[PDB]
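Visitor: The structure follows.
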Amino acid sequence: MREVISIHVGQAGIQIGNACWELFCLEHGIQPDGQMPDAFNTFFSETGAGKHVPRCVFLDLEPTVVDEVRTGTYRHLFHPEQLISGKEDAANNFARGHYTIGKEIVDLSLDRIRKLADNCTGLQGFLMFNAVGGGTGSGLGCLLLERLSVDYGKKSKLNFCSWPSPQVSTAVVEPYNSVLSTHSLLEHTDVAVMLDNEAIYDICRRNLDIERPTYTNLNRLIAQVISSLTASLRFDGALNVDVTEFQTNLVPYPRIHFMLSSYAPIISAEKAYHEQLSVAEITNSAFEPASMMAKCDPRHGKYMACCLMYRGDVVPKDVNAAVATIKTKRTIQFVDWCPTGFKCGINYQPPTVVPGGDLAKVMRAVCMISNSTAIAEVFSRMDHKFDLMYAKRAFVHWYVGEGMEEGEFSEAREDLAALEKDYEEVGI
Amino acid sequence: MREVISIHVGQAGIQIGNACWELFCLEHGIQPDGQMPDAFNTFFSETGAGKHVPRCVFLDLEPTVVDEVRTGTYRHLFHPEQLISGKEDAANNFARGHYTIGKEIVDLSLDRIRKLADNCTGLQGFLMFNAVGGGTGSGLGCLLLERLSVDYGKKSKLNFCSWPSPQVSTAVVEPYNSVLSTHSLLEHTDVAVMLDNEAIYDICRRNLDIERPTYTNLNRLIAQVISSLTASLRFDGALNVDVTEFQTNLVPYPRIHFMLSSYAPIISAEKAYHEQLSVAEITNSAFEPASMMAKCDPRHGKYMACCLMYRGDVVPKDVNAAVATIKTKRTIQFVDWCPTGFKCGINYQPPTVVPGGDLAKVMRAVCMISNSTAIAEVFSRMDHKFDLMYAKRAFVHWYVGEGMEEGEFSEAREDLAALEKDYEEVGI
Amino acid sequence: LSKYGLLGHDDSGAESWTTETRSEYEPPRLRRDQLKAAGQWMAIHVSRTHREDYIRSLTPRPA
Amino acid sequence: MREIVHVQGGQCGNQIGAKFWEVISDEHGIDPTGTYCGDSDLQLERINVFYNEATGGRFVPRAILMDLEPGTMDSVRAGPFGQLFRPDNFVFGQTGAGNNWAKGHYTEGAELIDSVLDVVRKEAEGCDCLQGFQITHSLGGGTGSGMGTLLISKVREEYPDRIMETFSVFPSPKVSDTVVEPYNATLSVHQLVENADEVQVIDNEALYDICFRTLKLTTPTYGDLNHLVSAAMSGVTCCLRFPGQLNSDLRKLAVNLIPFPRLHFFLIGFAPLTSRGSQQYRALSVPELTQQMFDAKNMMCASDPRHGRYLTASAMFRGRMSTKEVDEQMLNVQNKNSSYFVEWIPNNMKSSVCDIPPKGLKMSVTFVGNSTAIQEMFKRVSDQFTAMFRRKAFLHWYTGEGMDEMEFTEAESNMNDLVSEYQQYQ
Amino acid sequence: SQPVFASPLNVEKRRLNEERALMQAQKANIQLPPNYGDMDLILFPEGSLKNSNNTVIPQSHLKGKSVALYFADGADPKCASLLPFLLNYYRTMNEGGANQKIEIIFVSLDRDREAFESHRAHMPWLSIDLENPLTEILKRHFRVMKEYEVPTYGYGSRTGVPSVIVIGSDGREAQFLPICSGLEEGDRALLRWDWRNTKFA
Ligand SMILES: Nc1nc2c(ncn2[C@@H]2O[C@H](COP(=O)(O)OP(=O)(O)OP(=O)(O)O)[C@@H](O)[C@H]2O)c(=O)[nH]1
Ligand SMILES: Nc1nc2c(ncn2[C@@H]2O[C@H](COP(=O)(O)OP(=O)(O)OP(=O)(O)O)[C@@H](O)[C@H]2O)c(=O)[nH]1
Ligand SMILES: Nc1nc2c(ncn2[C@@H]2O[C@H](COP(=O)(O)OP(=O)(O)O)[C@@H](O)[C@H]2O)c(=O)[nH]1
Ligand SMILES: [Mg+2]
Ligand SMILES: [Mg+2]
């Protein structure tokens, strides 16, 4: 009955899912070949002599990423038909994955999603991993969600998408891939979680205190977020939550569906001894502005709804004291129309650790998925960079020759500006 | 007792025949010599000290493959004059194989047909395999159906012919060969099954996904298909639907018996470990509109009837649920005068796979031999290829110099056009 | 001098060439092993201490 | 898979391509007789990008060598790695282009057209899908400039939806071989702006000068001159054959560099280029490479970007190295070189972690950059044209093979209209 | 008899088996000669298998594995293009599993001992040295031939150099791996190796 599929589109999707499926395989006692030496139903599928096939698709137009998991140590855990390759890289271009040859990928990707969905007692998740600013992350990410919207109507679309940073972009057309993706991400996905890179390099600076993390240490943290978010479907807990009611818990309005992510406690094994991590202090360590993973200050953003997922030996009564002292604390702004804005779920198992990872073993953990008005300020700075790209029409006519009409930048602009104005009128 | 007689005409039919008799001998436990270290009685006679001979005839006007079998592995499984071969290849000429060179071994072929048929009473039918697009497969096949309809009028005539494909047809005079055998298999053949080389090319490159297999691998897939047809004859099961029922339920008109074929699951070596063999998904893939063996798209045609031969440890309940969900899908449609058009003949024996071949040991299988109004498009492109070629007397003098009169060219054209009007009128 | 030429400032070769995905995302029980040879691994107190309550706090769950 | 088609054009192109096929071959670990040696998946799994099979396991490069004189092609069979190429891939000229663009493009090169198409189409359509091309040619002589730009004028309209990278060796302000300098330079470049996807500018005069301070050797032969080019030749396309954390290809490299279709001339440089005395004494790390590749003195082109301003920069780092040490270290160079970068584009750079280091070196970087600093090099070629064209000098050899005074003046007008956007994008 | 009739393994096969069957003849309804199921062999003697550091490994290690002959030559460039690819496929089976699953045995086509060592040190799986006549009699059994020098017995060569082939308990082949064959799937056919139907038992 419990069943969530994953759709990794883009090099960020394959790399994040590389950490996700190694974390999931070690947690259920699954070897890299797939067979264990009833909670595995929600992420895997039983077949043969206990050998488990993950309900997943690894999609990427270019090679050299998707063949890397076709040649690594996880080749023979995945079904080799959701491993999808093209030949041509989407080339950091939105219209290459949306208006020229990517149809040969999406026409059989819907076939593989249909085949995966005809394996299921009940569907409750559409976890899509991608980068916003990548060419195939925005390009095919737009086309897959519009195809799945008209195919599968009223189900939950999860989406953990990598927003570009305010400071670095690692590209000059990051505004050109962000406003186009958002213009069709408002109407297609249901839950959009913002992720952002040097929020989390700064996380690994002052908390994990290791001198060289990389993109792969980024993905291990994100996999810990997804594992605690969907742990309630796996194991029994004191207060079981469901992914299909995160949809009704967070969003107030049909167009307001952007939330945040933060994980705690995050302390390496050397400094995990001076203090005993209690429930009342991991909540304060997660609610602090320097622990969230999008580097937007919640001091100037009004909180709206908040959901906390617990993993370990935690009783609910010191949870009740912990959420009370957060609610009476003034440095976290709550808005006047919503006095009740907390949903806490509690699960029994302790969080798992990768063997010898930078994360230390801990008896309890909190994941926070929170809706706030501060997303309007992340979006208003990308708003400013889009006009300053469009001031003399730079990098626009290769999009025009790609297949988009010159002028759909205007209504993608007006959808983003309608996103700018409506959080302002909500916050009053 | 209970036996069938298989006929092979032309070296295409021979290369089918040595493949089906390759699989028939191994599943019955007998060897190339004829010894095994009473279910085999339908395909092999009993001769004294356990030696078995197939109930077949091999017919080919050239020795280029017949005596090569006489030097190959299966020398002594076959009877010596079971393999009948003339000297002169008919060479893509229907007239040559109908009038001059065919009749020298027509009387030889009927003599061996009489001698194998009168061996035991209770014969069910003839399973004839030939090449429509060639010379001796079309011409000598026409005389055998002409002379068997006058001796064994009552007995069944199941045909399996290698019709061309619209893209690749490997010939230049095959519009003349095919429509001249069209006159033969309407009023003589009981039920005709359309096969196609390039559709089985399509299957083996994407489903079992070898880049370059050849004639010898299509021969395995034909051998699997005819095995699943004849399985209900050989082995017991839940329901027994043998070759005398196949025409009671699939063809509702004397002139409408052209009908397709499908096999699922055609599984590669790597695909067998992960993909669980659910009865729900093997019926879905059998009904997949590009998984059949004709290049015959059924999305713009209606379905008259359908038989599904399940082979393995198959329970009938999830068969009944599999045929429940295929009606509830709006993607395919059945014809308006026939709401129930399904058969479920189940046999307990699992399929017999060849070690060292290309398929894998599957626990279950399904064979889909279906009548549809989609014969119209595979015959109307065929009609159009005749129209552009006959209009300027090309390759016409070759046939009229061999005895065939001009005028039988014309009446075969309106014979095909009359069948085209039959399929158009019945789909209302 | 070198064994690889002018561009080679020192000698590493292709024997030291793997990727981050191949070197790090190798099988996990293997990754337990070579790290085992190189270093793998209001306040509330126990019921012994007389801080907050200690009489009835000792009885249902002793510690 | 993704196929790149290489062309050697002219004497300079043949010699600079010979060294590049030596440095790619031992980067993949391949004996020059064709047999692979080195025992690694990671240098052999992507070999079809540049090479082809030979039904013996032998690998032959996808390179055609084209030249109107037989001299310097006989030297590359005579030299090392001469057996590596396909014998059919060579096409011969028995006359010799005597430093004239007219016999390079119009007259003497016309009879070699029917043979050069038949060998580049034979190599192209043999694969399932071509990715791009990569030629090497010089604008100085005749058989490199004229006979080379004739290739661009034909390969584009027959393969329209593809790309190519042309590595053009540009003449010198100070030293001057090939005394008819401005005529061959201008006649190649006005074709090259209209009809080529990007141009990398390579300057001999400056690359002697990198060879005189940072590589500081007294006797520079043409061997290590081309070896310094072949490092950035290899680094600009390293991720086509190698995996990485953040990938890059040629088609992507064009999309996020060129803003407007008439500027595609790019600086190029390779870091580190450490002196022989300084070899052991550099604990090489990301901070010191970033200052080395954002160093004007270390640019292969003879243009100083202090006068210019980088429109968009790009860096393909190579090796085992941290990824945020790319990121906020380039945010440091924006915050310190504020006036050296264009203000109406924020985050002007590429980051690309090619996960495979160069041959022997632990970690490096290859810099390519769209700069407006090339306007000073393009205007000295313009006044070199006009100084010798007012006096009508060295024109009789051109006009005798079907030139025109009219066709020379849209060559200068396209030259001035090429420079024109550069100083008004400042 | 399997897979090839005339081979030095299979003339030793018939000489061994019905010899002990005629031992059973005058010892005692025995039938002569025995059936092909009744013939049994030892494929590798005690002093054949050498691992990486040149120590003996007995036949008992091979139980429950998927063992395949690797017919290869060091100087062959097609072997050069295959050898890393089969190295990767070895470590993915071995490390991705509680018990290491496949096993590759080496037989060589090299010129001399020195060339054998240079190709041997790159290989972690088990190997058979060239001076053992077990190598040469295995050439004529599975029909692997570089260029036709030794007389074939009315056969045509099944493979070319290099060729990997999975085997069974009694010298039979289980399923073919076409890297240079009628399918000629070079450097991709290693994925076709199964391990549910071919176990050395
Ligand atoms: N958090 C995180 N972000 C990533 C990762 N990989 C790439 N990104 C982000 O993705 C952006 C570019 O998109 P990519 O994922 O690299 O490339 P792509 O999705 O394949 O699309 P293309 O540009 O067409 O290749 C970069 O700016 C990165 O910030 C990753 O592993 N983790
Ligand atoms: N199914 C199948 N069809 C084949 C095979 N070989 C040839 N064909 C088909 O046969 C068609 C033509 O007939 P042929 O087999 O060439 O020869 P023929 O029918 O005996 O007539 P002749 O050429 O005169 O001998 C070709 O278009 C092929 O599609 C085969 O091995 N299997
Ligand atoms: N980098 C490099 N430049 C060269 C080489 N040989 C000649 N050149 C330069 O190329 C110019 C001559 O052009 P060249 O290509 O020889 O004329 P072409 O034969 O007609 O194409 C001279 O100014 C040299 O500076 C070489 O081997 N390497
Ligand atoms: Mg990509
Ligand atoms: Mg005939």
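Numbers run from 1 along the shown chain.
Positions of Cβ are set from backbone N, Cα and C atoms, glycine also.
Positions annotated as active site by Swiss-Prot: A:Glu245. Taken from Swiss-Prot, the feature GTP binding site applies to A:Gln11, A:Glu62, A:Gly135, A:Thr136, A:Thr170, A:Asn197, A:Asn219. What Swiss-Prot lists as Mg(2+) binding site is A:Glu62.
Set these features in their place in the structure for me.
Guide: Here the Cβ of A:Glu245 (active site) has 14 other Cβ atoms within 10 Å, regardless of which shown protein chain they belong to.
The Cβ of A:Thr136 (GTP binding site) has A:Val9, A:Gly10, A:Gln11, A:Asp60, A:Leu61, A:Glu62, A:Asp89, A:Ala90, A:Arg96, A:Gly97, A:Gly102 as same-chain neighbours under 8 Å, each 6 or more residues away in sequence. Look at A:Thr136 (GTP binding site): DSSP puts it in a helix.
Classification of A:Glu62 (GTP binding site) by DSSP places it in coil, neither helical nor stranded.
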Visitor: Pick out which of the binding-site residues A:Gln11, A:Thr170, A:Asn197, A:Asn219 has the most other Cβ atoms within 10 Å of its own Cβ.
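Guide: In terms of Cβ crowding, the pick is A:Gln11.
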Visitor: Report the recorded positions (A:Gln11, A:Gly135, A:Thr136, A:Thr170, A:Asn219, A:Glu245) that meet this criterion: Cβ distance to the nearest atom of ligand 1 under 6 Å. Use sequence order and write none if nothing qualifies.
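Guide: Cβ < 6 Å from ligand 1, in sequence order: A:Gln11, A:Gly135, A:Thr136, A:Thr170, A:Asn219.
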Visitor: Can you tell me which of A:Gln11, A:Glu62, A:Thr136, A:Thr170, A:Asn219, our binding-site residues, come within under 6 Å of ligand 4 at the Cβ?
Guide: A:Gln11, A:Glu62, A:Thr136
Visitor: In Å, how long is the longest CA to CA span across A:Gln11, A:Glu62, A:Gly135, A:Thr136, A:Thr170, A:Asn197, A:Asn219, which the record gives as the GTP binders?
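Guide: Between the outermost Cα atoms of A:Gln11, A:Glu62, A:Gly135, A:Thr136, A:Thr170, A:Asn197, A:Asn219, the distance is 23 Å.
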Visitor: Can you see whether DSSP assigns A:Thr170 (GTP binding site) to helix, strand or coil?
Guide: coil
Visitor: Tell me which of the binding-site residues A:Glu62, A:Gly135 sits in the most Cβ-dense spot, judged by other Cβ atoms within 10 Å.
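Guide: In terms of Cβ crowding, the pick is A:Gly135.
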Visitor: Are there binding-site residues in A:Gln11, A:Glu62, A:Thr170, A:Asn219 whose CB lies under 8 Å from a CB of chain D, and which ones?
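Guide: Near chain D: A:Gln11, A:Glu62, A:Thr170.
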Visitor: Quick one: pull the CA-CA distance for A:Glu245 (active site) versus A:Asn197 (GTP binding site), whole Å only.
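Guide: Cα-Cα distance, A:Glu245 (active site) to A:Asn197 (GTP binding site): 28 Å.
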Visitor: Can you tell me whether DSSP puts A:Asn219 (GTP binding site) in helix, strand or coil?
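Guide: For A:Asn219 (GTP binding site) - judged by DSSP and reduced to three states - the answer is helix.
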